[PDB]
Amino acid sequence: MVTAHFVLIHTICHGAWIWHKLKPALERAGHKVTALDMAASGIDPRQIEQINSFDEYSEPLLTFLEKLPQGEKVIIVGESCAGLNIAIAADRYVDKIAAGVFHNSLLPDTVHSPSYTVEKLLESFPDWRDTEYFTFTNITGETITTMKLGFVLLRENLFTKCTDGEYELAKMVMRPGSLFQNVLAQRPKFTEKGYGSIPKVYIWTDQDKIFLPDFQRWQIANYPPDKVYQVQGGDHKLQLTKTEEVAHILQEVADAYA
């Protein structure tokens, strides 16, 4: 069992900051941790309107993996929508990914369109409350739907059991984001040789108020992960409300695959 290199990927609208409690926790256990901002997220200098696909949105991760020296492997950890980022990354860089970890995350598959898990998320959770929507046109003329996440949604559905301070942090650094759903829908399927071949660990809680239990159980059924860790209690942001438990799970992921 080797100390691992965890790469932490936030969901859309969010940024590396979401991982502020979890990073030091992992580091305390001797692990190396990188927490990247995806495009137009966190303090990344770009604006969402100049991003054209989910693949572009994933560039910082892809550029990170490109630069990683031969023979070293990371464990990619992804929250909410970042399951897509993992899938995208593993197709490009399978030989550098020891395992993919899904944290109340979309779990894309190889058999359906890349947008499939997103169609389902939205089917299960159609009403995003006070969230506002805008559109822009991407470089090939697709109409992209972006979102500014509603403060009530943040409070009640995403950061349900977090500290008032964590919720306040979120409102202070939340940014517009997008699922690039129609562009995903036209994307090639994720490959078996790459994404398909990586170990997959699925961490979740039934107390999640946006990625609902039915949906998450459906995801597990539709594409069985190699390990499922169900966490009691908390909320959608386990890395805030159950930081120490998640750190411990990731220990086990490292022992298993790193």
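Residue numbers here begin at 1 and follow the sequence given.
Chemist: Between 36-44 and 204-212, point out the one with the higher average CA B-factor as the PDB entry records it.
Modeler: It is 204-212.
Chemist: Quick check: 140-148 versus 69-77, which has the larger average CA B-factor in the record?
Modeler: The deposited B-factors put 69-77 ahead on the C-alpha mean.
Chemist: From 163, 113, 157, 135, can you pick the one with the highest C-alpha B factor in the entry?
Modeler: It is 113.
Chemist: Within this chain's modelled residues, let me know which third the CA B factor of residue 96 belongs to: lowest, middle or highest.
Modeler: Answer is highest: the recorded C-alpha B-factor places it there.
Chemist: Please place residue 49 in the lowest, middle or highest third of its chain according to the CA B-factor in the PDB entry.
Modeler: Middle third by C-alpha B-factor.
Chemist: Lowest, middle or highest third: where is residue 58 by C-alpha B factor in its chain?
Modeler: Its C-alpha B-factor belongs to the lowest third of this chain's values.
Chemist: Report the third (lowest, middle or highest) to which the CA temperature factor of residue 247 belongs, ranking only the modelled residues of the same chain.
Modeler: Top third by C-alpha B-factor.
Chemist: For residue 85, does the deposited CA B-factor place it in the lowest, middle or highest third of the chain?
Modeler: It falls in the bottom third of the chain.
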